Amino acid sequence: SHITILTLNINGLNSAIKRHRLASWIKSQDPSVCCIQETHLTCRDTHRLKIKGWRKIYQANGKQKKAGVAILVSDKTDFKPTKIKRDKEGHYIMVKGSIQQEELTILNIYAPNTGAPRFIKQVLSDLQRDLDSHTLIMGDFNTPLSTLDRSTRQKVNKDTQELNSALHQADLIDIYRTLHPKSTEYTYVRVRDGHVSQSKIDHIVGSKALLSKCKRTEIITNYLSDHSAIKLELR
């Protein structure tokens, strides 16, 4: 009676060792719906993403081997799609549908390194009509949302305060931080000045009306990427 949704930033699916280790990690985790960022697939190369057990795959790619987002739905989930909006530039994809009589809107987002919070606010504006009270927005936001998302506990910048306001008008909240308020976990690891630096830039934001449905969430380290996956279970 529950479905599992998972977001992972994948760091490229062009090679087939990569695709095979994704498929078997996805098999293990066995999610209903899976949102993936940084496919690096061209739109000529969309056909290259096949995952045994996950045949329904919606993709928004760019004409280069950069960006690239997919939403994969498992063969065992009866998902009836009603709307799909793909970014021309491969940085977001929205799919609306229903699973067993319940409507669900998933916006999968890969914001850019630079100008991230401004980019997301603009995307929420372009897609204003489509947002509703059963909306999940997941992916690599390339930005913290709260002070506890940062190792330094520094205040969020004014751009990200601006995004936070915009989300609050759409009645969207950070689902992970809401279910785990004191969390000081991170989702992203890089090398900065010859040392490791940790951040929490991958999020599951969603409609505050969906909180009633949320069972477990958890962050999942992996050897597929420098990003950790977030998994969410809902009623």
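The numbering used is simple: start at 1 and walk along the sequence shown.
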{"item": "Stretch with the higher entry mean CA B-factor, where the candidates are 155 to 163 and 89 to 97", "value": "155 to 163"}
{"item": "13 to 21 set against 213 to 221, stretch whose average Cα temperature factor tops the other in the entry", "value": "13 to 21"}
{"item": "Top Cα B factor in the deposited entry, candidates 107, 71, 127, 84", "value": "127"}
{"item": "Residue 56 - which third its CA temperature factor falls in, relative to the rest of the chain", "value": "middle"}
{"item": "Residue 205 CA temperature factor, ranked by third within the chain", "value": "lowest"}
{"item": "Ranked C-alpha temperature factor of residue 65 among modelled chain residues, by third", "value": "highest"}
{"item": "Lowest, middle or highest third - CA B-factor, residue 169", "value": "highest"}
{"item": "Third of the chain, ranked by Cα B-factor, where residue 197 sits", "value": "middle"}
